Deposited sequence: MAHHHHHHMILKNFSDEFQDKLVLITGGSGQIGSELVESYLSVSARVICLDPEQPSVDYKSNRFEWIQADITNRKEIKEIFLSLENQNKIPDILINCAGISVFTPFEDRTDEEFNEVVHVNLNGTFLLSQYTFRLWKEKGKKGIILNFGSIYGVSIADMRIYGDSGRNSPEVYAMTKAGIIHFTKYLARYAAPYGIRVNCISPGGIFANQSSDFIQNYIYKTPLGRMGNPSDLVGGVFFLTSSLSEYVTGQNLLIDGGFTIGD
């Protein structure tokens, strides 16, 4: 017996080159980092966002579609166009999300409903159109949703303010991930979720200090801290992983 061992070197380009990534909220802080990361491994990326991207990517593999994921008419038209052009996504990333910052006792129905519509309806709508398309085509697509530490833990009001509706909708996204994972599994479709901890953006160093005190790894996150888990959950590295919520938070929610 002579055993010959051969080492085939591969890159995340080999995973993602020429794959098509549909990302809602791709113009935002986390979304832009994911767009740039996928483009750098030769993926095609479609961004759905009412806001123009922050940078000119200067790339024939990038497309921005100005769209509002709370609007079924707009999303329906986009998916007709995608199907008509045979731009069938391999990966859907439901990154779009919003919040509101006044106290519970002052929450208006307009505030509450807007957070529900972006976070819950938007993730439902994109997942519904994408699931139906993949089912029609037999595509073994992958969905990645975005939760939050505040869909698992409860925000400390003394640290500042995260509202009740954000906790509600992020807990709902985490559970919808499990629901659609079980529902879509017979079609070969995987569905997981990433819940980031606090990402450094425009917070007062009063909040930052209080936040870092609760974080074992002793710092706030950056968008780059999420890319590895995003790639993990949307690549062949996680073929047997579905229905999971992955907390990337430096140990905040331990």
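Engineer: Quickly check which stretches of the deposited sequence aren't in the model, judged by C-alpha, and list them in order.
Structural biologist: Going by the record, the segments left unmodelled (no C-alpha atoms) fall at 1 to 2, 163 to 167, 262 to 263.
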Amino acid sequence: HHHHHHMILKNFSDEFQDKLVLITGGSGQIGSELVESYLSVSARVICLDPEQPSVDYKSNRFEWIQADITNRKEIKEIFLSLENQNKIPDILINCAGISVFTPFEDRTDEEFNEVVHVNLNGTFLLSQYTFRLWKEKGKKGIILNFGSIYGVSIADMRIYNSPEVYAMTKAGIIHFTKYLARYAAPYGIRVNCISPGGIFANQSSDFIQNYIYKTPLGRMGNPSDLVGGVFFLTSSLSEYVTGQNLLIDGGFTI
From here on, numbers count along this sequence of modelled residues.
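Engineer: Would you mind comparing 149 to 157 and 127 to 135 for me and telling me which has the higher average C-alpha temperature factor in the entry?
Structural biologist: Per the PDB record, 149 to 157.
Engineer: Could you check the entry and say whether 100 to 108 or 176 to 184 has the higher mean CA B-factor?
Structural biologist: Per the deposited B-factors, the answer is 100 to 108.
Engineer: When the CA B-factors of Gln203, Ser40, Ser224, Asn192 are compared as recorded in the entry, which is the largest?
Structural biologist: So the option with the highest C-alpha B-factor is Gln203.
Engineer: Taking only the Cα B-factors deposited for this chain, tell me whether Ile30 sits in the lowest, middle or highest third.
Structural biologist: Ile30: CA B-factor falls in the lowest third of its chain.
Engineer: Check where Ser238 lands among this chain's C-alpha B-factors and tell me if it's the lowest, middle or highest third.
Structural biologist: Bottom third by C-alpha B-factor.
Engineer: State the tercile, meaning the lowest, middle or highest third, of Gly228 with respect to the CA B-factors recorded for its chain.
Structural biologist: Within its chain, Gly228 is a lowest-third residue by C-alpha B-factor, going by the deposited values.
Engineer: Tell me, lowest, middle or highest third: where does the Cα B factor of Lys73 rank within its chain?
Structural biologist: Within its chain, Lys73 is a middle-third residue by C-alpha B-factor, going by the deposited values.
Engineer: Could you look up the Cα B-factor of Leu22 in the entry and say which third of the chain it sits in: lowest, middle or highest?
Structural biologist: For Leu22, whose C-alpha B-factor we compare with every modelled residue in the chain, the answer is the middle third.
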